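Quick notes on the structure that follows.
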Amino acid sequence: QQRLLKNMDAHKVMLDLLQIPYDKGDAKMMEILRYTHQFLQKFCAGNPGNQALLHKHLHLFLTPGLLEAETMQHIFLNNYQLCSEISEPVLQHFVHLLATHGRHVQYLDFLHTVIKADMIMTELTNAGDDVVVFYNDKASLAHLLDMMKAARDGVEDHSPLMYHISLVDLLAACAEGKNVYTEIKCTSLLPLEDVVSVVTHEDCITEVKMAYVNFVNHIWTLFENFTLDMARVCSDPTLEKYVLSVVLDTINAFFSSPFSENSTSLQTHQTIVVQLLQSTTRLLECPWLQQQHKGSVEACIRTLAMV
Amino acid sequence: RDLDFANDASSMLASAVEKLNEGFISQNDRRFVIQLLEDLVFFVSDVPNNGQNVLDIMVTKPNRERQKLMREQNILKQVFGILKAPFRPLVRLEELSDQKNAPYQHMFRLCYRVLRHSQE
Amino acid sequence: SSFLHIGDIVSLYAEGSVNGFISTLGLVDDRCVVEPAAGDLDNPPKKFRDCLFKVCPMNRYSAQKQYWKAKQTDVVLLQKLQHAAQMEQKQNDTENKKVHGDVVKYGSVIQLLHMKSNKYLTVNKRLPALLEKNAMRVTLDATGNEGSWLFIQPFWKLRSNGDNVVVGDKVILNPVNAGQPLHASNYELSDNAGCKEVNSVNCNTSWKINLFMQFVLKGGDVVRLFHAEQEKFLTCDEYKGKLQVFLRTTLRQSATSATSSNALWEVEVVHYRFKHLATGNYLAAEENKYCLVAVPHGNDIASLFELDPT
Amino acid sequence: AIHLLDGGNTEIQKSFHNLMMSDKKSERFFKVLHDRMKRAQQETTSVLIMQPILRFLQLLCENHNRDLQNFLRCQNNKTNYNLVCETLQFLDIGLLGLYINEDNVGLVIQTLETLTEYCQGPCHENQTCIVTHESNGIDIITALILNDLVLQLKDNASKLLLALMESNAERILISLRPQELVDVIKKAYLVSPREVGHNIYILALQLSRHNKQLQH
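Chains as they are written, first to last, in the authors' numbering: chain A, 1193 to 1309, 1319 to 1417, 1435 to 1453, 1461 to 1532; chain B, 440 to 527, 534 to 565; chain C, 5 to 77, 86 to 227, 234 to 289, 304 to 320, 351 to 372; chain D, 1757 to 1800, 1865 to 1913, 1923 to 1976, 1987 to 2006, 2012 to 2034, 2044 to 2069.
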């Protein structure tokens, strides 16, 4: 279907309609623009040729707007070559648009998608706390607690909690590897004590706890929080998978890799490393102990209960 | 290697003698005693650990240094103490071969054989 | 790096999925596990003799296997079977003696036997593992039934097949009879402190044998100090019910033949320190004007002694 | 720039030298070389740029064009961007038999040829630089000799070491054990391997001129 459409060259007509004057003030025009953007996104599928053709007219599609942001995000969803050669002007324009409009989930989502296929991390560091703001202050802690209480029924997906989650995801993506600069910047903007206080807090939400764990005197005390978050589901749709997806792995590395030059430590380590996985023994051999859960079962009944 | 084995055997024999003089030794303790006796016999004989009978040791010449160490290291003293304690009354030497005390008789025979080998 | 001559003391400080020295508790303990916290490959731990692993040729136990089968279950042929078994044992001994110093022909079949165990480390074919739910048993057999020795898999996969394996090259204990190479027992061993057994399964890690030392001179080695002044060595004796260090007055004409077993002394370095291996204590000196004595260990700074060059 | 110098055309070498002396862009030119020559050392497509870079450098230094060789060592510039040291270390970047295979042999041949053309002429300073280098590269050249395209690697290493001793032998002898050298010479007797063995034999004679045990 994409090849037939490209042969028909309807992409040019769709782009012209998108760039056609709208005379904002009529809901029909907005609906037509949204439908055109959705059609363009549908025609911006994984086919690298179509993605390159769409990106060619990036200037027209690079405008401040929810539909424009969605189209731009869908343009380079998986194009490794296209995303790698992303010019820093695009990132600068996205940052400026986010600063001007303010808190927009679309811009953060587009940035996160583009990141996963250094400049983005550098710009975010230059961007300060206006957009990527860490709620580590005591007053910030009270504000975060109030937001979590407001999210008792659910997460608004666009409120400050959603913006913080998106910022954390973007920071993790920038430092997903061993990037010294990105990791240092994230650590500076993400104090460990704040994570210990919040994630370990009872009011901490499953999504927020998973975000904090993925983003991550801290690893020697965060083991207790991880254990407190072990049987949370056992004691939902995606309850357990938030934690166990990462919780064991890095810990096993901490128990095996040399990154943790404290292989022997106080009872919080010399004993937790011999008791924690025991509380997951049922989890390790649970009826659902298959796949990644089974892998962590093997890594825990074997290793995480040995140190 | 012989010196280290002798030191380990001396420690094990001291522990076993203490346990015997104190009280009964459980099935695990009896198995450990039997294993210690077998290891001592193998070390003293110096012959390859073939399927030959336990009381079927016939060597050309034992290790002079090994024998001297066993005599000095209280290995012979350990065997003598084990023999003395087993009688004192831990064993009356009358209920043997009754399908109940057979392990004790086997251990005593192994200890006597080890002592005789050390007396080569 | 040089050809692994058969018969040299060996040791495999495994560094695969986990890191630790592979050995057993000794004596009659029928289990071979690792001790990650006991020591490091770059930081060898105490009791180095515990790592003594002699390399021997693969055992031949065909007639021995027949004799064992006969014993398990005729009488007339028993004498002939015993004679054949004796001949086979002699042949096996000759083969083991022949390979003394033989280079490690990549892919060749040899075995490693612990000096303390004085037996070949074998794997129980039709026996489940002591701890692992889905693994097989393995122990040390006094003689072996051709399963004692296994193949050496070039874990480095660089040395030419059959090439003289460079000492320390990445090698694994490929199971000759079992087919499942050595696998580290990741199981969180509780009964044995810091225990990690070795099973016979298909894994992705192993350990490489390392040659020992055939001992401004030798360092951490256990040797004897003979006092030329007394034409003998200063040993330790349980005199008057107490340990005392003195020069033994041996009544044997051959001074060099006085191997009383009390001449065990260990030397340490720092920047030597003398440890009385005879009793496990450490030598020292105090008032008499002064006299030598033994203390629990050499940790005390007072245990220092001076060695003077010839 | 590589097809402009095919056959070691001297005139274009002189033209490059004059351009880099006169035009102020010199320090920037070498940058995009050194930067791209310091993007594979730390990495270990960049290698497909390293190969042309080394062919190009060899062509500039081809035909014993000493002035280009010195210009490629020091440059007499405010900030020096050395390329003989960089290529030597990159070559440095017997546990190598697994790390030279059917995807890194042409590149290593190019690197050894480049290291040869820098000092094959009696460029004393560059030979001293290559030998008095704290990267063991002189040792990896030996390892290359001792440990089909393997024959070409051996021959190129022999040529490089011969170049290193024109008008050093003691430093080289530290790495290669003479008995092993004679062993490899004899084995090479069975590009045909006879001539590789012969080049190693010439290197052996040159070394023996400063040694006694080899003479035996």
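Ideal Cβ placement from N, Cα and C applies to all residues, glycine included.
By DSSP's assignment, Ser212 of chain C forms a beta bridge with C:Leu194. In the three-state DSSP reduction, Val183 of chain C falls in the coil class, being neither helix nor strand.
Interface criterion not met: the Cβ of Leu45 of chain C is under 8 Å from no Cβ in chain D. The beta carbon of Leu8 of chain C does not come within 8 Å of any beta carbon belonging to chain D, so the residue lies off that interface.
Chain A places no beta carbon closer than 8 Å to that of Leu194 of chain C, leaving this residue out of the contacts. Spanning the alpha carbons of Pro548 of chain B and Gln1517 of chain A requires a straight line of approximately 52 Å.
Residue nearest to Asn189 of chain C within the set C:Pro166, C:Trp161 and C:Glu318 is C:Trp161 (criterion: CA-CA distance). Taking a contact as a CB-CB distance under 8 Å, the pair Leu1888 of chain D and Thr1943 of chain D does not count as one, their CB atoms being some 13 Å apart. The beta carbon of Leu170 of chain C sits closer than 8 Å to some beta carbon of chain D. At least 8 Å separates the CB of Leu1990 of chain D from every CB of chain C. For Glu319 of chain C, the pairing in a beta bridge is given by DSSP as C:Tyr352.
Neighbours of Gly113 of chain C across chain B, judged by C-beta separation under 8 Å, do not exist; the nearest C-beta is about 20 Å away.
Interface annotation for the stretch 124-153 of chain C against chain B: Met127, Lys128, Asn130 and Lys131, criterion Cβ-Cβ distance under 8 Å.
The beta carbon of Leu1927 of chain D sits closer than 8 Å to some beta carbon of chain C. For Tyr71 of chain C, none of the residues of chain A pass the 8 Å Cβ criterion, the least Cβ distance being about 41 Å. In summary, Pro1483 of chain A is exposed, with fewer than 16 beta-carbon neighbours lying within 10 Å of its beta-carbon over all protein chains present.
Comparing alpha carbon positions, the residue from B:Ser465, B:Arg503, B:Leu541 and B:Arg470 closest to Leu31 of chain C is B:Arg470. Taking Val1205 of chain A as reference, the option from A:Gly1217, A:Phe1235 and A:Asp1474 with the minimal CA-CA separation is A:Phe1235. Among the CB atoms of chain C, one or more fall inside 8 Å of the CB of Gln474 of chain B.
The stretch 50-65 of chain C makes contact with the stretch 8-24 of chain C; the number of CB pairs closer than 8 Å reaches 3 or more.
Contact residues of the stretch 1473-1492 of chain A toward chain C are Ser1481, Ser1488 and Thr1489 (C-beta to C-beta distance below 9 Å). Cβ neighbours of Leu1509 of chain A within its own chain (closer than 6 Å, five residues either side excluded): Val1522, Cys1525 and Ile1526. Secondary structure at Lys128 of chain C: coil, using DSSP grouped into helix, strand and coil. Rounded to the nearest angstrom, the gap between the Cα atoms of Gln165 of chain C and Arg1893 of chain D is 47 Å.
Minimum Cα-Cα distance from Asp1301 of chain A among the listed residues A:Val1498, A:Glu1324 and A:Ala1374 corresponds to A:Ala1374. Residue environment for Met1264 of chain A: buried (at least 16 other C-beta atoms within 10 angstroms of its C-beta). For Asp255 of chain C, the secondary structure class from DSSP, reduced to helix, strand or coil, is strand. For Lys545 of chain B, the secondary structure class from DSSP, reduced to helix, strand or coil, is coil.
For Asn1270 of chain A, no alpha helix (DSSP H) encloses it, and the DSSP letter there is neither H nor E. Under a criterion of Cβ atoms nearer than 9 Å, no residue of chain C is adjacent to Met1448 of chain A; the nearest Cβ is some 16 Å distant. Under the DSSP assignment, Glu1442 of chain A falls in the alpha helix (DSSP H) whose first and last residues are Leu1440 to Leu1446. Between the C-alpha atoms of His1266 of chain A and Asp1319 of chain A there is a straight-line separation of about 21 Å.
In the DSSP annotation of this structure, the continuous segment of the alpha helix (DSSP H) that includes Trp72 of chain C starts and ends at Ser66 to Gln76.
For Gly43 of chain C, the closest alpha carbon among the candidates C:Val240, C:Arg35 and C:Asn23 is that of C:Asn23. For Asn488 of chain B, the nearest beta carbon of chain C is closer than 8 Å to its own beta carbon.
Among the residues facing chain C, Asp468 of chain B is not included, as its CB has no counterpart in that chain under 8 Å away.
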